[PDB]
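Note sheet for the following structure.
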Amino acid sequence: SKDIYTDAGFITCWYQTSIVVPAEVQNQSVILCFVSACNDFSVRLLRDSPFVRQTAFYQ
Amino acid sequence: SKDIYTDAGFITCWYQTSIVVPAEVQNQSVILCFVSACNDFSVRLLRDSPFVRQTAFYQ
Amino acid sequence: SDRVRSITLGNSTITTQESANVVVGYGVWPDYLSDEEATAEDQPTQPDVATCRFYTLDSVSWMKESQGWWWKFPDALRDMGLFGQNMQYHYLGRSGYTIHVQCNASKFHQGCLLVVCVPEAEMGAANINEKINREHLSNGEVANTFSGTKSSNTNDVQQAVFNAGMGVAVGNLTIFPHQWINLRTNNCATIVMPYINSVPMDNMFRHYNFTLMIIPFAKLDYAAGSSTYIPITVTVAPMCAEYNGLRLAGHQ
Amino acid sequence: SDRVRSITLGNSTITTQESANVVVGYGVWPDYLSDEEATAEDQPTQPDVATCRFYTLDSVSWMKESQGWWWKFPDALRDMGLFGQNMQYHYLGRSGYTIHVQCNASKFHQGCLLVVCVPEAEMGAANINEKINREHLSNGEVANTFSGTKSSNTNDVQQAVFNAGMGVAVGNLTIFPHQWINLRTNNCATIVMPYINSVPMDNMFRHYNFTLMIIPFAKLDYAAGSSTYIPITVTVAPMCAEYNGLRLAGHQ
Amino acid sequence: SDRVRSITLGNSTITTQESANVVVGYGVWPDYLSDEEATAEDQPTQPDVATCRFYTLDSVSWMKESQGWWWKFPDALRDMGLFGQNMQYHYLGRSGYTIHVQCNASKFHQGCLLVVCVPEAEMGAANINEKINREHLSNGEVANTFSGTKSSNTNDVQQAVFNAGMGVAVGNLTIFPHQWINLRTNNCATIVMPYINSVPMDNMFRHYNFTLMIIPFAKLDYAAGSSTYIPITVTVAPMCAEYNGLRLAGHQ
């Protein structure tokens with residue numbers, strides 16, 4: 001969750017030179033980003049998720 | 001030759017997806033087909049060819 | 001080079017020159033049912049190479065504003081010759097599958113596809129508390145099409161690409177066996193599914209095993225002058241298929 | 001294939017997929033000063049990986065009628081974090097450098113760059129018997145630009161490409177450690193300079209060690225429709241840096 | 001990679017970077033006449049590397065509606081220096097040949113060439129019972145050109161591409177040593193002919209040994225904007241040549 005004692009940093013991406021294309025090739029393209037964990041990743045304290053929401057029983 | 005007891009099958013070719021080209025590249029292209037025999041091909045009965053035709057002597 | 005791959009099954013052969021890498025399953029290769037896990041008692045029919053061969057489904061056209069396609073594979077292979085007939089005369093069946101999805105373009109094209117095999121993809125209905133017709137789930141060899149906005153056809157699947165029909169985030173579908181058809185570098189959407197079910201043999205018509213999905217994330221986009229018609233062809237071969245419980249002709 | 005190269009220094013990493021070959025120096029790899037050639041007596045500061053890492057300079061735009069660019073590297077790395085600070089608190093310093101110049105285009109572009117590291121490039125003035133200002137030689141991380149015709153700005157460098165500022169033929173600059181960025185086949189302008197001076201350690205501000213130059217011989221030229229903006233980014237990492245003679249904050 | 005090939009003969013060198021595979025003959029490499037199969041009695045002249053070297057013929061321009069070209073090689077090499085002179089002073093001669101045909105384009109071009117070496121290509125006349133002039137068969141280093149429709153010039157070769165001059169189906173010409181110059185992937189029309197005749201040495205002027213033919217099956221075709229002028233250059237080198245029976249200057 002969000003607390004100020006364990007802030008974690010920032011991820012930014014910057015144009016290093018440019019995109020250079022020849023003629024009759026579309027300029028505007030798309031980068032896709034993935035995410036995963038390494039082989040030293042670990043979690044500790046069971047709590048309930050803040051996304052599950054129920055108002056009445058599902059019938 | 002052609003008889004109905006030894007019919008042999010059919011060879012067909014079908015578009016699987018399409019031809020996809022970039023801009024300023026010609027769409028209409030050409031496929032060339034070859035034919036050959038394997039290492040187990042065999043022929044048996046000498047006859048004359050149905051294509052040789054002669055009317056008078058060549059002088 | 002390892003960009004070349006040949007796949008031979010039965011009497012059919014697929015050669016690719018711009019493959020990347022063949023994926024095989026959850027680590028498991030398809031294999032016949034052992035007699036220590038078997039339930040039925042009579043002799044199964046492992047037919048021949050007569051069913052373990054490639055069958056070509058219909059082609060869909062990938063346009064600039066297309067959204068997605070899906071198939072239902074124990075039902076989609078229902079009219080492909082002896083696989084379809086052995087489906088129609090037997091009660092139980094069991095098979096792995098080798099799916100090979102083709103798509104090609106030139107080097108001046110751009111666009112990216114996602115090819116997932118989703119086991120037990122239980123689809124959701126468009127209007128909420130309403131039945132789903134069988135034709136809207138599986139249309140044989142014909143692909144059903146997602147939409148961009150939410151749909152409200154009666155007795156239809158809720159077909160939005162940002163939920164993939166099931167009700168999850170579509171960026172989380174990379175947990176199933178998958179590849180990407182990047183038109184920059186791929187044609188090899190090859191996925192060797194093993195048999196995944198909670199019973200050792202199952203019925204082919206009553207149960208759908210999995211669902212192929214082709215979802216373009218980075219859309220097809222090209223400059224003016226290139227070939228605008230880019231088809232996508234899906235080829236599928238059953239593997240290690242066997243059948244049990246012979247009776248009369250089934251439900252068409 | 002040997003077109004792929006990864007360079008790891010400190011906490012930074014540069015990967016290239018269309019490299020050709022990494023050049024290293026006059027045959028010499030950078031290394032710390034031995035105690036048989038040393039002059040100063042107190043303990044040097046070999047800091048950490050805190051300075052031996054890649055720093056990104058500003059980008060220049062390569063147009064159709066651009067002529068050339070140059071930098072001055074013990075002065076150009078004056079504000080890049082702890083390298084700049086250890087420059088500003090020490091009297092002596094000593095470092096090799098690994099320069100990686102990026103530039104990319106498509107296969108429909110053409111043009112060729114020359115990337116030289118010129119030791120002791122003593123520049124000449126525009127008007128002859130006149131002083132040169134320090135801002136016209138070295139502008140920090142900002143590149144100074146050659147011209148095509150002779151220049152006559154007051155207190156400025158004579159900046160003609162056919163003499164390269166020093167007064168030699170520009171086709172003879174291939175005697176220094178160099179490569180070519182041919183847009184047909186390169187992105188790997190990598191040059192590992194050792195420390196070259198006539199004293200074993202030297203001051204960073206008072207002396208300029210060398211000068212990078214990017215001179216396009218075969219100019220950038222493209223057909224209508226391609227991307228007209230082609231940037232060039234220069235990345236530089238000091239290697240085996242050490243410092244000596246600590247005193248108060250220096251001359252900014 | 002095996003796409004690179006260097007061929008060194010005498011004092012000439014041909015390097016290709018997009019070769020596919022060098023063909024050599026009917027399996028036989030060219031070699032000097034042994035003294036168990038020889039007929040003439042005096043000492044032959046194996047000259048030097050002075051004749052075993054590459055000679056460049058003239059270039060033909062390959063247009064959209066071009067049909068074909070042919071040459072006659074013991075007669076086509078009649079003015080190429082010392083090969084031509086040793087042809088003109090000797091009665092007998094004998095040589096193999098290494099033919100290297102060049103043609104290049106870009107990746108946006110398309111078209112396919114057929115390069116055959118046809119031994120004893122006895123040409124047919126245009127009007128039937130009429131003599132053929134020597135200039136219409138062999139024009140030195142200058143190529144003669146087939147047509148699309150049948151031709152009726154007096155004292156000329158019947159020059160239709162669908163019969164190749166000799167009177168056979170042109171799709172059957174792949175029985176001779178041949179390659180294809182596919183502009184997608186080739187430049188290596190290299191064919192190492194051995195000496196093929198029914199006498200151990202033969203006259204150079206009176207007998208034509210073989211006939212090179214360049215027939216485009218899939219025609220040259222390109223989009224608007226590409227380079228429309230695509231030349232084809234034929235380079236030929238005699239190999240293992242020797243001469244016998246010296247007398248005065250021959251028939252020009």
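Every chain in the structure tokens takes a letter, A first, then B, and so on in the order presented; its residues are numbered from 1, and the ligands are numbered from 1 following the presented order.
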For the contact check between chain C and chain D, emit one row per residue of chain C within 12 Å, containing the shortest atom pair and the distance in Å rounded to one decimal, counting only C-alpha atoms, chain then rising number order, as JSON lines.
```
{"residue": "C:1", "atom": "CA", "partner": "D:1", "partner_atom": "CA", "distance": 10.3}
{"residue": "C:107", "atom": "CA", "partner": "D:107", "partner_atom": "CA", "distance": 10.3}
{"residue": "C:108", "atom": "CA", "partner": "D:107", "partner_atom": "CA", "distance": 10.4}
{"residue": "C:223", "atom": "CA", "partner": "D:225", "partner_atom": "CA", "distance": 9.8}
{"residue": "C:224", "atom": "CA", "partner": "D:225", "partner_atom": "CA", "distance": 10.9}
```
Review point. Which residues, written as a list in words, have at least one atom at most 7 Å from residue 21 of chain B, with only C-alpha atoms counted and residues fewer than 3 positions away on the same chain left out?
Key: residues 25 and 27 of chain B; 105, 106, 226 and 227 of chain C
Keeping N, CA, C and O atoms for every residue in the selection just given, could you write it to a file as a PDB file, in the first residue's frame?
```
ATOM      1  N   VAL B  25       5.173  -1.424 -53.428  1.00  0.00           N
ATOM      2  CA  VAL B  25       5.655  -2.737 -53.842  1.00  0.00           C
ATOM      3  C   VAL B  25       4.538  -3.376 -54.652  1.00  0.00           C
ATOM      4  O   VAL B  25       3.370  -3.298 -54.259  1.00  0.00           O
ATOM      5  N   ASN B  27       1.863  -5.757 -56.172  1.00  0.00           N
ATOM      6  CA  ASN B  27       1.042  -6.798 -55.578  1.00  0.00           C
ATOM      7  C   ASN B  27       1.097  -8.078 -56.398  1.00  0.00           C
ATOM      8  O   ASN B  27       1.301  -9.165 -55.851  1.00  0.00           O
TER       9      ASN B  27
ATOM     10  N   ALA C 105       2.758 -10.839 -43.805  1.00  0.00           N
ATOM     11  CA  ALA C 105       2.716  -9.501 -44.356  1.00  0.00           C
ATOM     12  C   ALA C 105       4.085  -9.209 -44.945  1.00  0.00           C
ATOM     13  O   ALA C 105       4.933 -10.098 -45.051  1.00  0.00           O
ATOM     14  N   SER C 106       4.312  -7.960 -45.317  1.00  0.00           N
ATOM     15  CA  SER C 106       5.613  -7.537 -45.797  1.00  0.00           C
ATOM     16  C   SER C 106       6.368  -6.851 -44.667  1.00  0.00           C
ATOM     17  O   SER C 106       5.884  -6.737 -43.541  1.00  0.00           O
ATOM     18  N   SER C 226       0.269  -0.472 -49.974  1.00  0.00           N
ATOM     19  CA  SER C 226       0.519  -1.858 -49.627  1.00  0.00           C
ATOM     20  C   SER C 226      -0.762  -2.674 -49.770  1.00  0.00           C
ATOM     21  O   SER C 226      -1.856  -2.133 -49.943  1.00  0.00           O
ATOM     22  N   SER C 227      -0.611  -3.992 -49.705  1.00  0.00           N
ATOM     23  CA  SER C 227      -1.753  -4.883 -49.831  1.00  0.00           C
ATOM     24  C   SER C 227      -2.630  -4.758 -48.597  1.00  0.00           C
ATOM     25  O   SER C 227      -2.176  -4.994 -47.475  1.00  0.00           O
TER      26      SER C 227
END
```
Superimpose chain E on chain C so that the squared distances between all in-order C-alpha pairs are minimised, and send the result as a CSV table (one decimal) with C-alpha atoms, in the first residue's frame.
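Dumped to out.csv:
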```csv
chain,number,residue,atom,x,y,z
E,1,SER,CA,19.4,-21.1,-38.5
E,2,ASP,CA,16.6,-21.9,-36.1
E,3,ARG,CA,14.0,-19.8,-38.0
E,4,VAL,CA,13.0,-22.9,-40.1
E,5,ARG,CA,10.6,-25.5,-38.8
E,6,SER,CA,9.0,-28.5,-40.3
E,7,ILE,CA,6.0,-30.3,-38.7
E,8,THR,CA,5.0,-33.7,-40.1
E,9,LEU,CA,1.7,-35.4,-38.9
E,10,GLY,CA,-0.1,-38.1,-40.8
E,11,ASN,CA,0.0,-37.1,-44.5
E,12,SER,CA,0.3,-33.4,-44.0
E,13,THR,CA,3.2,-31.1,-43.6
E,14,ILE,CA,3.6,-27.4,-42.6
E,15,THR,CA,6.9,-25.6,-43.4
E,16,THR,CA,7.7,-22.2,-42.0
E,17,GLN,CA,10.7,-20.0,-42.8
E,18,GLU,CA,10.1,-17.2,-40.4
E,19,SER,CA,9.3,-19.2,-37.3
E,20,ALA,CA,10.6,-18.1,-33.9
E,21,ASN,CA,10.1,-21.0,-31.4
E,22,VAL,CA,7.6,-23.8,-31.0
E,23,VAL,CA,5.9,-23.7,-27.6
E,24,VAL,CA,4.8,-27.1,-26.2
E,25,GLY,CA,2.1,-27.0,-23.5
E,26,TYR,CA,2.5,-26.9,-19.7
E,27,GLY,CA,5.7,-28.9,-20.2
E,28,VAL,CA,3.6,-32.0,-21.0
E,29,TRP,CA,3.6,-33.7,-24.5
E,30,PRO,CA,0.4,-35.5,-25.5
E,31,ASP,CA,0.2,-39.2,-24.9
E,32,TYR,CA,-2.4,-42.0,-24.7
E,33,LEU,CA,-4.2,-42.8,-21.5
E,34,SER,CA,-2.4,-45.3,-19.3
E,35,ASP,CA,-4.3,-48.3,-17.9
E,36,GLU,CA,-3.5,-47.2,-14.3
E,37,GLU,CA,-5.7,-44.0,-14.7
E,38,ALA,CA,-8.3,-45.4,-17.0
E,39,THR,CA,-12.0,-45.8,-16.1
E,40,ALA,CA,-13.8,-47.4,-19.0
E,41,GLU,CA,-13.4,-51.1,-19.5
E,42,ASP,CA,-13.7,-51.9,-23.2
E,43,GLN,CA,-10.9,-51.7,-25.8
E,44,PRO,CA,-10.3,-48.1,-27.0
E,45,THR,CA,-10.0,-47.2,-30.6
E,46,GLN,CA,-6.7,-45.5,-31.4
E,47,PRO,CA,-7.7,-45.2,-35.0
E,48,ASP,CA,-4.7,-44.5,-37.3
E,49,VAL,CA,-3.0,-41.5,-38.7
E,50,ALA,CA,-6.5,-41.0,-40.2
E,51,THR,CA,-7.3,-38.4,-37.5
E,52,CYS,CA,-3.9,-37.2,-36.3
E,53,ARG,CA,-3.3,-34.8,-39.2
E,54,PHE,CA,-3.7,-31.1,-40.0
E,55,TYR,CA,-7.1,-29.7,-40.8
E,56,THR,CA,-7.5,-26.2,-42.2
E,57,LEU,CA,-10.2,-24.0,-40.7
E,58,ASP,CA,-11.7,-21.0,-42.5
E,59,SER,CA,-9.8,-17.7,-42.9
E,60,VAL,CA,-10.7,-14.4,-41.3
E,61,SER,CA,-9.7,-11.1,-42.8
E,62,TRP,CA,-7.7,-8.8,-40.4
E,63,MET,CA,-8.8,-5.2,-41.1
E,64,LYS,CA,-7.7,-2.0,-39.4
E,65,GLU,CA,-10.6,-1.9,-37.0
E,66,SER,CA,-11.0,-5.7,-36.3
E,67,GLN,CA,-11.1,-6.6,-32.7
E,68,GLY,CA,-10.8,-10.4,-32.1
E,69,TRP,CA,-11.8,-13.9,-33.0
E,70,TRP,CA,-12.5,-17.1,-31.1
E,71,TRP,CA,-13.1,-20.8,-31.8
E,72,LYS,CA,-14.2,-23.9,-29.7
E,73,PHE,CA,-12.0,-26.8,-30.7
E,74,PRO,CA,-13.7,-30.2,-29.8
E,75,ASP,CA,-16.7,-28.6,-31.5
E,76,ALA,CA,-14.8,-26.8,-34.3
E,77,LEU,CA,-13.4,-30.0,-35.6
E,78,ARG,CA,-16.8,-31.6,-36.0
E,79,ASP,CA,-17.0,-31.9,-39.8
E,80,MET,CA,-13.3,-32.5,-40.7
E,81,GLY,CA,-13.5,-36.0,-42.0
E,82,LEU,CA,-12.8,-39.0,-39.8
E,83,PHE,CA,-12.2,-36.9,-36.7
E,84,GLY,CA,-15.8,-35.7,-37.1
E,85,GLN,CA,-17.1,-39.1,-37.8
E,86,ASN,CA,-15.4,-40.7,-34.8
E,87,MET,CA,-16.8,-37.9,-32.8
E,88,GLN,CA,-20.2,-38.7,-34.0
E,89,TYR,CA,-20.2,-42.5,-33.4
E,90,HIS,CA,-18.4,-42.6,-30.0
E,91,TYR,CA,-19.5,-41.6,-26.5
E,92,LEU,CA,-16.1,-40.7,-25.0
E,93,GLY,CA,-13.1,-39.2,-26.7
E,94,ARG,CA,-9.7,-37.8,-25.7
E,95,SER,CA,-7.1,-35.8,-27.7
E,96,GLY,CA,-4.3,-33.3,-27.6
E,97,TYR,CA,-3.9,-30.7,-30.3
E,98,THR,CA,-1.2,-28.9,-32.3
E,99,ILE,CA,-2.5,-25.5,-33.4
E,100,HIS,CA,-0.6,-23.7,-36.1
E,101,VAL,CA,-1.9,-20.2,-36.9
E,102,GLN,CA,-0.6,-18.5,-40.1
E,103,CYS,CA,-0.5,-14.8,-41.0
E,104,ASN,CA,1.9,-13.0,-43.2
E,105,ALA,CA,2.7,-9.5,-44.4
E,106,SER,CA,5.6,-7.5,-45.8
E,107,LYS,CA,8.4,-5.7,-44.0
E,108,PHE,CA,6.5,-2.4,-44.4
E,109,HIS,CA,3.5,-3.6,-42.3
E,110,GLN,CA,3.1,-3.3,-38.6
E,111,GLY,CA,0.8,-4.9,-36.1
E,112,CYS,CA,0.8,-7.5,-33.4
E,113,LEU,CA,-1.4,-10.5,-32.6
E,114,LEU,CA,-1.9,-12.5,-29.4
E,115,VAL,CA,-2.6,-16.2,-29.8
E,116,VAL,CA,-3.8,-17.9,-26.6
E,117,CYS,CA,-5.3,-21.3,-25.8
E,118,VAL,CA,-7.7,-20.8,-22.9
E,119,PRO,CA,-8.9,-23.9,-21.1
E,120,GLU,CA,-12.5,-23.9,-19.9
E,121,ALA,CA,-13.3,-20.4,-21.2
E,122,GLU,CA,-16.8,-20.1,-19.8
E,123,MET,CA,-18.3,-17.2,-21.7
E,124,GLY,CA,-20.6,-14.6,-20.2
E,125,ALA,CA,-24.0,-13.5,-21.6
E,126,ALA,CA,-24.7,-10.0,-23.1
E,127,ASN,CA,-27.8,-9.2,-21.1
E,128,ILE,CA,-27.1,-10.6,-17.7
E,129,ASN,CA,-29.8,-13.0,-16.5
E,130,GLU,CA,-30.5,-14.7,-19.9
E,131,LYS,CA,-29.7,-17.9,-21.6
E,132,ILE,CA,-27.0,-18.3,-24.3
E,133,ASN,CA,-27.7,-20.0,-27.6
E,134,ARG,CA,-25.2,-22.6,-28.8
E,135,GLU,CA,-24.7,-20.9,-32.1
E,136,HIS,CA,-23.3,-17.7,-30.4
E,137,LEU,CA,-20.7,-19.7,-28.5
E,138,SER,CA,-19.5,-22.1,-31.2
E,139,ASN,CA,-20.2,-21.7,-34.9
E,140,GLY,CA,-18.3,-24.7,-36.1
E,141,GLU,CA,-15.3,-23.7,-38.3
E,142,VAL,CA,-16.6,-20.1,-38.4
E,143,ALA,CA,-15.1,-17.6,-36.1
E,144,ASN,CA,-17.1,-15.5,-33.7
E,145,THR,CA,-16.0,-11.9,-33.4
E,146,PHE,CA,-15.5,-9.7,-30.3
E,147,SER,CA,-16.4,-6.0,-30.3
E,148,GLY,CA,-14.9,-2.8,-29.0
E,149,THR,CA,-17.9,-1.4,-27.2
E,150,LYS,CA,-20.3,-3.6,-25.0
E,151,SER,CA,-22.8,-5.6,-27.0
E,152,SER,CA,-26.5,-6.2,-26.2
E,153,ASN,CA,-27.8,-8.7,-28.7
E,154,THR,CA,-30.3,-11.1,-27.2
E,155,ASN,CA,-29.1,-14.6,-26.3
E,156,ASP,CA,-25.5,-13.5,-27.2
E,157,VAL,CA,-22.1,-13.5,-25.6
E,158,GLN,CA,-20.9,-10.3,-24.0
E,159,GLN,CA,-18.2,-9.5,-26.5
E,160,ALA,CA,-15.9,-6.7,-25.4
E,161,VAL,CA,-12.1,-7.0,-26.1
E,162,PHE,CA,-11.2,-5.4,-22.8
E,163,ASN,CA,-12.8,-8.2,-20.9
E,164,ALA,CA,-12.3,-11.1,-23.4
E,165,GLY,CA,-15.8,-12.5,-22.7
E,166,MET,CA,-14.9,-14.2,-19.5
E,167,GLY,CA,-14.7,-11.1,-17.3
E,168,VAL,CA,-11.0,-10.7,-16.6
E,169,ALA,CA,-8.4,-8.1,-17.7
E,170,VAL,CA,-7.3,-9.0,-21.2
E,171,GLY,CA,-3.7,-8.1,-20.4
E,172,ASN,CA,-3.7,-11.0,-17.9
E,173,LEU,CA,-4.4,-13.7,-20.6
E,174,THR,CA,-0.7,-14.3,-20.9
E,175,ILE,CA,-0.8,-16.9,-18.1
E,176,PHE,CA,-2.1,-19.6,-20.6
E,177,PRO,CA,0.1,-21.2,-23.2
E,178,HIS,CA,0.5,-18.4,-25.8
E,179,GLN,CA,2.7,-16.7,-28.3
E,180,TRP,CA,2.7,-13.5,-30.2
E,181,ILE,CA,2.4,-13.1,-34.0
E,182,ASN,CA,4.4,-10.0,-34.4
E,183,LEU,CA,4.4,-9.2,-38.2
E,184,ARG,CA,7.9,-7.9,-37.8
E,185,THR,CA,9.3,-11.3,-36.9
E,186,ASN,CA,6.7,-14.2,-36.5
E,187,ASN,CA,4.6,-16.7,-38.2
E,188,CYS,CA,4.9,-19.5,-35.7
E,189,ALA,CA,1.8,-19.5,-33.5
E,190,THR,CA,2.4,-23.1,-32.6
E,191,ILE,CA,1.0,-24.4,-29.3
E,192,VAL,CA,0.9,-28.1,-28.4
E,193,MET,CA,-1.9,-28.5,-25.9
E,194,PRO,CA,-2.1,-31.7,-23.8
E,195,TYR,CA,-5.4,-33.0,-22.7
E,196,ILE,CA,-6.6,-30.9,-19.7
E,197,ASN,CA,-9.8,-32.1,-17.9
E,198,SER,CA,-10.8,-33.4,-14.5
E,199,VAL,CA,-12.0,-36.8,-15.9
E,200,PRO,CA,-9.7,-39.2,-17.9
E,201,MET,CA,-12.0,-39.3,-20.9
E,202,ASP,CA,-14.8,-36.9,-21.8
E,203,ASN,CA,-17.6,-36.3,-24.3
E,204,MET,CA,-16.8,-34.3,-27.4
E,205,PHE,CA,-20.1,-32.5,-28.0
E,206,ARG,CA,-21.3,-31.9,-24.5
E,207,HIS,CA,-18.0,-30.4,-23.3
E,208,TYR,CA,-15.8,-27.7,-24.8
E,209,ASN,CA,-12.2,-28.3,-23.9
E,210,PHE,CA,-10.6,-24.9,-24.7
E,211,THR,CA,-10.9,-21.8,-26.8
E,212,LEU,CA,-8.4,-20.3,-29.2
E,213,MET,CA,-8.3,-16.5,-29.2
E,214,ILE,CA,-6.6,-14.1,-31.6
E,215,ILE,CA,-6.6,-10.6,-30.2
E,216,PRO,CA,-4.6,-7.9,-31.9
E,217,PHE,CA,-3.2,-5.6,-29.3
E,218,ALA,CA,-1.1,-3.4,-31.6
E,219,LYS,CA,-3.4,-3.0,-34.5
E,220,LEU,CA,-2.7,-3.6,-38.1
E,221,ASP,CA,-1.5,-0.4,-39.7
E,222,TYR,CA,0.1,0.3,-43.1
E,223,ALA,CA,0.9,3.0,-45.5
E,224,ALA,CA,-1.1,3.7,-48.7
E,225,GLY,CA,-0.2,1.4,-51.5
E,226,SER,CA,0.5,-1.9,-49.6
E,227,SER,CA,-1.8,-4.9,-49.8
E,228,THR,CA,-4.8,-4.1,-47.7
E,229,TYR,CA,-6.1,-7.7,-47.6
E,230,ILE,CA,-4.3,-9.7,-44.9
E,231,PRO,CA,-5.9,-13.0,-44.1
E,232,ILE,CA,-5.3,-15.2,-41.1
E,233,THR,CA,-5.5,-19.0,-41.4
E,234,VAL,CA,-5.8,-21.4,-38.5
E,235,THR,CA,-4.6,-24.9,-38.9
E,236,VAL,CA,-5.2,-27.5,-36.2
E,237,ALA,CA,-4.2,-31.2,-35.8
E,238,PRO,CA,-5.4,-33.5,-33.1
E,239,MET,CA,-2.7,-35.7,-31.5
E,240,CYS,CA,-2.8,-39.0,-29.7
E,241,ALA,CA,-6.6,-39.3,-30.2
E,242,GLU,CA,-8.5,-42.3,-29.0
E,243,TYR,CA,-12.2,-43.2,-28.7
E,244,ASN,CA,-14.3,-45.5,-26.5
E,245,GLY,CA,-18.0,-46.5,-26.2
E,246,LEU,CA,-19.2,-47.1,-29.8
E,247,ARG,CA,-22.9,-46.5,-30.4
E,248,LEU,CA,-25.2,-45.2,-33.2
E,249,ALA,CA,-24.8,-41.8,-35.0
E,250,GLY,CA,-24.8,-38.8,-32.6
E,251,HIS,CA,-26.1,-35.3,-32.4
E,252,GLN,CA,-25.6,-33.0,-35.3
```
Point to revise | Distance-based interface of chain B with chain E, 12 Å, counting only C-alpha atoms, as a ChimeraX atom specification | key: /B:21-36,59
Point to revise | Backbone-only DSSP, helix (DSSP H, G or I) members of segment 137-240 of chain D, as a PyMOL selection string | key: chain D and resi 137+170-175
**Study point:** Residue set, segment 155-196 of chain C restricted to strand (DSSP E), as a count of residues only
**Key:** 10
